[PDB]
2 protein chains.
Amino acid sequence: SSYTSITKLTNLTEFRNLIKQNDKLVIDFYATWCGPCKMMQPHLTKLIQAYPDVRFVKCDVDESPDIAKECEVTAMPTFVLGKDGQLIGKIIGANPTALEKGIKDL
Amino acid sequence: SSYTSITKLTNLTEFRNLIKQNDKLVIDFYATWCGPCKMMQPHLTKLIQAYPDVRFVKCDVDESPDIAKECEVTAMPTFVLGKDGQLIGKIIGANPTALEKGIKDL
């Protein structure tokens, strides 16, 4: 499993329910034209494999601007972390060290 | 210089090369029929004068739909910001304050 194959959220119903369904969650809010998002892709693939207990999903902010707005997403990439059926926090930007640290705390 | 005299992007490779060459880049994605793009022209002229260390260009989304598509532009004006050889952010709509604040941070 990798950045390429993880679920991409395309609607609010899916977004909300998948949060509720998961004990540990990372949502990568991204834009396809955005260089820091692209930079983070191989880092996410490594994290996806290193933390198989964590569900990673992704969301294209131009394709799903209603989901991005629900999470009040401004900067790309924004990683929104979920824990026990609930969103708990953000890691903003192409920062693999801070991102891995937040994931380890889940 | 001004809105009228800045480079008008016409090609996808040209757009990519400009992104790589420029430490600081603003692209105005506009449509000629769209009033808010017109309203933003004198604001862009002021910003172009105020930020000589920023390269400003423009792109007609209807004449260059592939470049608009690359940046996922469907609302105009959209201002796409690049820093140090990659695209980093997008400001959507006729919002002079938000635009300057983004430009100021480059």
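Calculation criteria
Residues numbered from 1 in each chain as written, not as in the entry; some residues may be left out. Chains lettered and ligands numbered in written order. Heavy atoms only, no water. Contact = heavy atoms within 4.5 Å. Buried area = accessible area lost by both parts, 1.4 Å probe. Salt bridge = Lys/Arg side-chain N within 4 Å of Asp/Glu carboxyl O. Polar contact = N/O pair within 3.5 Å; in protein donor to acceptor, adjacent residues only side chain to side chain. Pairing = 2+ DSSP bridges. Helix = DSSP H or I, 4+ residues; strand = E, 2+ residues; numbered from the N terminus. Axes fitted to C-alpha atoms, helices over the stretch in contact; angles between N-to-C directions. 1 Å grid on protein atoms, 1.4 Å probe; cavity = no way out; pocket = protein on both sides within 12 Å on 5 of 7 lines; lining within 4 Å. Points joined across faces, edges and corners; volume = space filled by probe spheres on them. Nonpolar A, V, L, I, M, F, W, Y, C, P; charged D, E, K, R; others polar. UniProt positions renumbered as here; feature names shortened; annotations may be inferred.

### Section: the interface of chain A and chain B
Counting from both sides, the interface comprises nine residues of chain A and, opposite them, eight residues of chain B. Buried surface at the junction of chain A and chain B, both sides included, amounts to about 680 Å², of which 56% is carbon and sulfur. Three residues stand out in chain A for area buried against chain B, namely A:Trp33, A:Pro36 and A:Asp62, and they jointly supply 71% of the buried area on that side. Taken together, the connections running from chain A to chain B amount to one salt bridge. Its salt-bridge partner being A:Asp62, residue B:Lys90 comes within 2.9 Å of it at the nearest N-O pair. Taken together, the links from chain A to chain B amount to two residue pairs in polar contact.

### Brief notes about the sheet that holds strand β2 (residues 55–60) of chain A
Residue and element names in this part refer to chain A. Read from one edge of the open sheet, four strands run β2-β1-β3-β4, paired in mixed fashion. Taken across any chain shown, the strands that pair with only one partner, and hence form the sheet edges, are β2 and β4 (87–92). The mean angle between the axes of side-by-side strands here comes to 20 degrees, regardless of whether they run parallel or antiparallel. As paired elements, strand β1 (residues 24–30) and strand β3 (residues 78–83) share six bridges and run antiparallel to each other. Residue pairing across strands places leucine 25 opposite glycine 82, the latter belonging to β3. Set on the sheet, helix α1 (residues 12–21) makes contact with β1, β2 and β4; between it and β1 the angle comes to about 150 degrees.

### Quick look at the layout of surface pockets
There is about 1100 Å³ of room inside the largest pocket. Taken together, 36 residues line the largest pocket, and the ones lying closest to its centre are A:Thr74, A:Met76, B:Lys90, B:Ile91 and B:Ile92. If one sorts the elements of the lining of the largest pocket by residue count, strand β4 (residues 86–92) of chain B sits on top with five residues. Grouping the amino acids of the lining of the largest pocket by side-chain chemistry returns 20 nonpolar, six polar and 10 charged.

### Some words on the UniProt feature "active site" in chain A
When the UniProt feature table is mapped onto this chain, "active site" is found at A:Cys34 and A:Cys37. Within this annotated set, the second largest pocket is lined by A:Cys34. Locating A:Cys34 in the fold gives a position in the loop between β1 and α2 (35–50). If near-sequence neighbours (up to four positions away) are discounted, A:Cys34 is found in contact with A:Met76, B:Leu87 and B:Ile88. Mapping A:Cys37 onto the fold places it in helix α2. Leaving out residues up to four positions away in the same chain, A:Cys37 has contacts with A:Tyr30, A:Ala31, A:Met76 and A:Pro77.

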